[PDB]
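Asks: Dropping the structure in here first, questions after.
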Amino acid sequence: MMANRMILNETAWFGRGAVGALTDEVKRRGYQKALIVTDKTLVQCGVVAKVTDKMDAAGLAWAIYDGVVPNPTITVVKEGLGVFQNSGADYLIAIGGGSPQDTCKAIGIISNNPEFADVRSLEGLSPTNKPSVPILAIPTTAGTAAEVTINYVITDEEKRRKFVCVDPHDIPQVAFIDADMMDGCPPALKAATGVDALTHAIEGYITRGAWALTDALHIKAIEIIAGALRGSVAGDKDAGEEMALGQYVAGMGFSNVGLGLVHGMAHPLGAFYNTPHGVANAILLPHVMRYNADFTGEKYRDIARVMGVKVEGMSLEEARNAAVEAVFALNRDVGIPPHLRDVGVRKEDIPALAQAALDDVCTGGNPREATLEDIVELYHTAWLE
Amino acid sequence: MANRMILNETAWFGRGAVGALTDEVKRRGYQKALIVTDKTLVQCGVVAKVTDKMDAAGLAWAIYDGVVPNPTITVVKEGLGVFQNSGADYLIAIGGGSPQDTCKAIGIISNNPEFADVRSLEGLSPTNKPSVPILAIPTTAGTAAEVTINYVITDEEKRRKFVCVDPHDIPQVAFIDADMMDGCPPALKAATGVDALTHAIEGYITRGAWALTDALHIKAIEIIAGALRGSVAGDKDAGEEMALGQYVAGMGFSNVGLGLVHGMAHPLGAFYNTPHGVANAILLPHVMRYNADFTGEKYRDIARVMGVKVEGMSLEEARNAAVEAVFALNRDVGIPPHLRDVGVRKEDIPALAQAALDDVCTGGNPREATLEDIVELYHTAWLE
Ligand SMILES: NC(=O)c1ccc[n+]([C@@H]2O[C@H](COP(=O)([O-])OP(=O)(O)OC[C@H]3O[C@@H](n4cnc5c(N)ncnc54)[C@H](O)[C@@H]3O)[C@@H](O)[C@H]2O)c1
Ligand SMILES: NC(=O)c1ccc[n+]([C@@H]2O[C@H](COP(=O)([O-])OP(=O)(O)OC[C@H]3O[C@@H](n4cnc5c(N)ncnc54)[C@H](O)[C@@H]3O)[C@@H](O)[C@H]2O)c1
Ligand SMILES: [Cl-]
Ligand SMILES: [Cl-]
Ligand SMILES: [Cl-]
Ligand SMILES: [Cl-]
Ligand SMILES: [Zn+2]
Ligand SMILES: [Zn+2]
């Protein structure tokens, strides 16, 4: 029926050493001065200087905003926007995971669309008339794929909720997908962000708006990620490079079609508790998959198959169970906590979390139409055994 | 050498103890508080438990809510400026160890301005004046920071936690009220409760231990081991027991010291911003095993009050049983088993171990640790 749109990065560089392309890209574009948007951890760890050392050798000017925090808030966006406005910069370089990537998008959008100074009013299909300030995006987790999506997610601390901004105008001009930038994640962070990448690919494979091209991207991403994540957590170089590619491929799909109830149930955790996005999604994933199983056609057979299960001869019910179990197994293998209680959730908040999840935009993509009671029940199931 | 005890001159205990605050303020003649706290406690309504009572009583207050876990030199300086501009004449610390310690730093520097750099307070701070008076209200069970003479600040430039020790920082009044603590999520109850256990076990076996602190610590171990599972489960009376036990532990350890658990946790906090309670909880049983031969009969006592039938056990057996009872508690309340699980990197172990070797807490440890012993302990705790 309806035609399907795809927004993608016009330019992207892939592989260990891809950040070495940045200075030429800047020179080709004629930009005069960057604002780097990042967090203090990435500065302390030397990750930012991997980029600035190259800029300095090429004679390219920059300034830094390093105030991003996980689950970046309206306060963070306003602070970074002020730094941008006083910096003399003409473009942005986002160095970090989803939290810096998203902050950078917000800054770049508001700078060219000042009617959105309050930040909150960007939620939804932001009616921006101008493209963002140009962004060069450098992910350091594997990851959110925020370098390739048209979305960014802000935490409204005053309202205790996360909100999603969807806007073609925010797409980065160039993405640099370089596992050298990602290797310093602690193993536990690799694990959570990697199962989050898997969640993007699984939810995107089964989302209501799925179509042929996104299905092809998502099923490839699932195969890459499921084959690489244990090795990446273990520190294998090639597995890290595979994770960097797979996490990105997932975004090429889900940006354009949507996610589901895993992300919808994780957003309130981020808002209520400041839970890390990756861990929250990882813990919820297999429970939501079980819930969705009967509403997914043949797709769990494909998921199980590319996660290593010999599905030949299984009934559809068996293949569905096998897909779920393969996710539980991966979570155990890479040390994801088994229960939400383990990561600071309170049972008393489940009613309110569930209403927030029901209302979350990601939930609308879920292949099964969730009810309040389904979400209450899933939180209890995930909370403790 | 005679042994010194510093304690709170005044303290109120039990559910509802914060109800005593407004009268304590009136009796002391203070004019205006600065509340030192964090944004979570404001959001959760915990601060309002206090400020609503103050408002009813006509008592003035302002808030500094910028404390973060593992408070930094930057936080201390920010809060000090807020204090200096607030018109306050006393401090109310509402929170866990992070706000309690920030509050102590503020109150000390306000009356001892030559320590404006913060770092210069490390060790036996040579302050001439008492802190601005502090009324301390813990909201975790917990650090016992309300009753110790210590506070712990993170130097981000030097990537290290440092301990400031000073009789001048003791709070004037502590209010130990489990109603203030009940909102901790279960996982936070678990980690802060095993941290309280750690304080009591390390204090029991520390080099400076003597009769009075031994009596306090073994009672605290009994209380905490008996209550923690129930408190994590939300039982009301268990929460009140935890509030008391965590404080009794501090009555001891403030005055004698801790050991290598705390010494190995400090660099985690500095390197990774690891929560103090979780770090200590994961390390505790491994360090206990390392220390066992240097602990006399005390692991028999620990095992007994943790519910082990030690009658008939050899000392070796009783020691192993104490270690296992701690492993069991950690499983039972959901403490992660390994440091890798909480974001530690193996590549950092050499540097973590040097930092732990040099940490002040390590000097109280009953076994004299070496660099190589600490490296091995990190590796042992890092993964199965
Ligand atoms: N824009 C989108 O389409 C999109 C999609 C998914 C998620 N998100 C958002 O992304 C955010 C989560 O991002 P995330 O999971 O990448 O984590 P993050 O950016 O919040 O980072 C988490 C932590 O890991 C640290 N870290 C990151 N890279 C590191 C490295 N290389 N070395 C050491 N430490 C490193 C950070 O400093 C931080 O402390 C959430 O707010 C989520 O809502 C956005
Ligand atoms: N002698 C001493 O002064 C002493 C002793 C031990 C530890 N410490 C220090 O204490 C700090 C750790 O303190 P902590 O373990 O109490 O944790 P914390 O104060 O760092 O708080 C941890 C988290 O729990 C939240 N929290 C606290 N109370 C809550 C409540 N009632 N409801 C909901 N959330 C709540 C906080 O907002 C914060 O996000 C460390 O920096 C450590 O070095 C000091
Ligand atoms: Cl998200
Ligand atoms: Cl989230
Ligand atoms: Cl401490
Ligand atoms: Cl610590
Ligand atoms: Zn995600
Ligand atoms: Zn402690």
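One is the number of the first residue shown, and numbering goes on along the chain from there.
Recorded method for this deposit: X-ray crystallography, 0.9 Å.
Positions of Cβ are set from backbone N, Cα and C atoms, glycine also.
Straight out of Swiss-Prot:
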type    : residues                       : note
BINDING : B:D195, B:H199, B:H262, B:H276 : Fe cation binding site
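Walk me through the surroundings of each of these features.
Replies: Listed in sequence order, B:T143, B:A144, B:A220, B:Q246, B:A249, B:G250, B:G252, B:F253, B:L258 are the same-chain residues at least 6 apart in sequence whose CB falls under 8 Å from the CB of B:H199 (Fe cation binding site).
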Asks: Between B:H262, B:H276, which of the binding-site residues has its C-beta surrounded by the fewest other C-beta atoms within 10 Å?
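Replies: With the binding-site residues B:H262, B:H276, fewest surrounding Cβ atoms within 10 Å: B:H276.
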Asks: Less than 6 Å between Cβ and the nearest atom of ligand 6 is the rule; apply it to the binding-site residues B:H199, B:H262, B:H276.
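Replies: From B:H199, B:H262, B:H276, counting a Cβ under 6 Å from ligand 6 as near, the near ones are B:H276.
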Asks: Quick check: with B:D195, B:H199, B:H262, B:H276 left out, which same-chain residues have Cβ atoms within 8 Å of the centroid of the Fe cation site Cβ atoms?
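Replies: Neighbours within 8 Å of the Cβ centroid, excluding B:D195, B:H199, B:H262, B:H276: B:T143, B:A196, B:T198, B:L258, B:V261, B:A265, B:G277, B:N280.
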Asks: Around the Cβ of B:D195 (Fe cation binding site), how many other Cβ atoms lie within 10 Å? Please give the count over every shown protein chain.
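Replies: If we count other Cβ atoms within 10 Å of B:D195 (Fe cation binding site), we arrive at 31.
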Asks: Identify which of the following binding-site residues, namely B:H199, B:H262, B:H276, place a Cβ less than 6 Å away from any atom of ligand 2, and list them by sequence position.
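Replies: Among the binding-site residues listed, those whose Cβ sits under 6 Å from ligand 2 are B:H276.
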